[PDB]
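In order, the protein sequences belong to chains A and B. Sequential numbering from 58 applies to the first sequence in my numbering. Sequential numbering from 5 applies to the second sequence in my numbering. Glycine included, each C-beta is placed from N, C-alpha and C at the ideal position.
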Amino acid sequence: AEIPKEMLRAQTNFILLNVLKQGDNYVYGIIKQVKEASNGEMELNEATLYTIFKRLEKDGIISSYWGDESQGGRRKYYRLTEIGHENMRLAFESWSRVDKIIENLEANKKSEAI
Amino acid sequence: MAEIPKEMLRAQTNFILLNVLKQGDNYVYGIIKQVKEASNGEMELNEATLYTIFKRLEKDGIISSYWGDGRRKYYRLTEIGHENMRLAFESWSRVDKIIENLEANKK
């Protein structure tokens with residue numbers, strides 16, 4: 058028994074989208090904030106973020122831009138796009154539909170048992 | 005490209021099917037019928053999609069099958085499958101707690 062590999066990836070995706078929903082961010086800052094928000098229990102691998110962010114950018118869910126150039130830097134920031142905001146709405150609504158189906162399955166089982 | 009991607013659609017169907025079996029052992033035509041009724045007639049899942057998913061779940065030991073007393077082939081959630089659903093529920097709750105803490109810091 059274990060959390061399957063696909064579900065771990067889905068959980069990381071979900072967390073990252075919510076981080077960017079809070080505000081634009083960079084990879085090292087995201088990792089640090091998630092570690093703090095998990096009381097040290099969730100230490101995201103930067104390689105994992107690079108893989109996920111490549112996919113999300115391909116799908117138009119996030120975009121990127123350079124920051125810190127005025128200070129002599131060149132750091133990649135990520136932001137949730139309007140398409141990304143809609144994707145998060147659709148994810149919430151579609152999982153709500155799934156929950157409703159499962160609620161009806163349970164209710165239909167009680168009805169028949171009676 | 006806002007639509008629900010194939011991976012999340014697969015996760016949604018997986019969750020529905022595992023919850024059917026958690027409620028009780030069942031055979032494929034009965035599962036499809038119950039999901040159709042629970043979706044107000046709108047979701048009549050195609051058998052092939054279900055067999056694709058069941059192939060993976062059976063290979064991973066999450067479900068098994070046996071004959072009833074022609075005979076119907078019944079599927080059951082295994083003890084590992086039940087534990088997996090508990091572990092998934094708890095891991096997603098930790099995810100929710102992380103997001104609550106992330107939101108509090110923004111606030």
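In summary, the residues of the segment 119-146 of chain A whose CB is separated from some CB of chain B by less than 8 Å are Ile140, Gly141, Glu143 and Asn144, in the order they occur in the chain.
Taking a C-beta cut-off of 7 Å against chain B, the contacting residues of the segment 72-95 of chain A are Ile72, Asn75, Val76, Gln79, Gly80, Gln90, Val91, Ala94 and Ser95, listed in chain order.
Under the three-state reduction of DSSP, B/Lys10 is assigned to helix.
Residues of chain B whose Cβ lies closer than 7 Å to the Cβ of A/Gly117 are, in chain order, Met5. Taking 8 Å as the cut-off, the Cβ atoms of B/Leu21 and B/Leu54 count as close. DSSP places B/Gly85 in the uninterrupted alpha helix (DSSP H) bounded by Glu83 to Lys110.
Checking the DSSP bridge columns, you'll see A/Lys89 has no partner listed. It is roughly 12 Å from the alpha-carbon of B/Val24 to the alpha-carbon of A/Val155.
For A/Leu101, same chain residues with a beta-carbon under 6 Å away, outside a window of 5 residues either side, are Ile88 and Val91 in chain order.
What A/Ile171 touches in chain B, judged by beta-carbon distance under 9 Å, is nothing: the nearest beta carbon there is about 15 Å away. Contact between the segment 162-170 of chain A and the segment 133-145 of chain A is absent: fewer than 3 CB-CB pairs across the two stretches fall below 8 Å.
Cβ atoms of A/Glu126 and A/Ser120 stay farther apart than 8 Å, at about 17 Å. The residue among B/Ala92, B/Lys101 and B/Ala52 with its C-alpha nearest the C-alpha of A/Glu59 is B/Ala92.
In the structure shown, A/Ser127 falls within a helical segment according to DSSP collapsed to helix, strand and coil.
A/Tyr83 carries a coil assignment under DSSP once its states are collapsed to helix, strand and coil.
The beta carbon of B/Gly72 is closer than 6 Å to those of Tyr78 in its chain, skipping five residues each way along the sequence.
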